[PDB]
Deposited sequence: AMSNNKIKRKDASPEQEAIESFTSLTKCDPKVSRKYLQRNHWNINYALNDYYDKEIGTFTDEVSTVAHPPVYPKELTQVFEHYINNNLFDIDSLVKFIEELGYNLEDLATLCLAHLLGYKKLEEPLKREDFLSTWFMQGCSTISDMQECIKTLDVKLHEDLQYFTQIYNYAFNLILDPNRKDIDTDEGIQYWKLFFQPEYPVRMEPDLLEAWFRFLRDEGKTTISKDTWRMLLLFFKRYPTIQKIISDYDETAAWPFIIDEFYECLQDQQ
């Protein structure tokens, strides 16, 4: 389709949002020549201030790959900011930017609007923002729980309902560090990892992921489990089995 082709060309040549491509084409009777000419005439500079500061759109465009802000852009981006893909602060960023899955490319409007709302246009600003979120992860339990539950949804592969146990263990190790709001005994954590490996549990469901945070806040030590745990409560089976194995191990 000739009109579809024109939008795609315009978007490639200018690196603009596709909605903006349709607007320039509509204003120029869908003739790409006149649309480019209209558009550039506008860039030079009775035009209007851009929606977004030039510094900000430049960041986005710097990391875009083939018209897409895709997982590679993101890794490159977080790189520049001073983090790793598997950092907890990166979950906070991804949550901030509205990622639903790390594989889906990030919309240009989602990037620009997010940073603009936070008053950021430079790498250096973006850095201060993320640092402030990382403080909130250490200090606000509601925000900590949002991110903890979010992490599962982001780890979760296309067309799967559970995560692999190695990735869940990798994240548990980050989330249950005592600088974060859910403090628990290290022996209990180590016992949990050993149990999952002994039992050869290969996947973790969303129920288990969520209930484990509640279980550790309720029973933060092995002695509190042995002492107080109610096997007729509403805990998942795997938590009951963990209890039986702790009680067997004394």
{"property": "Deposited positions lacking CA coordinates", "result": "1 to 12, 58 to 65"}
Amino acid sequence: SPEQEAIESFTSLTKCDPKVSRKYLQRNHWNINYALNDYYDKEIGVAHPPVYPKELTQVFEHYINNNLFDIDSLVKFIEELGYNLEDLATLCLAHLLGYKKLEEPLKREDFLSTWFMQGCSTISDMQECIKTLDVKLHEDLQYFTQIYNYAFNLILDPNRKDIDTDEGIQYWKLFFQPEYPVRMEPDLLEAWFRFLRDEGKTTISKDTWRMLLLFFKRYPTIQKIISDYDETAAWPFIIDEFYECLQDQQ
From here on, numbers count along this sequence of modelled residues.
| property | result |
| --- | --- |
| Between 171 to 179 and 131 to 139 (mean CA B-factor, as deposited), the higher | 131 to 139 |
| Of 90 to 98 and 156 to 164, the stretch whose C-alpha atoms average the higher B-factor in the entry | 156 to 164 |
| Top Cα B factor in the deposited entry, candidates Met184, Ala47, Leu214, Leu36 | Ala47 |
| Deposited CA B-factor, highest of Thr203, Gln26, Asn66, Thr221 | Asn66 |
| Chain third (lowest, middle, highest) by recorded CA B-factor, residue given as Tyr148 | lowest |
| CA B-factor ranking of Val59, expressed as a third of its chain | highest |
| Chain-wide C-alpha B factor ranking for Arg194, given as lowest, middle or highest third | lowest |
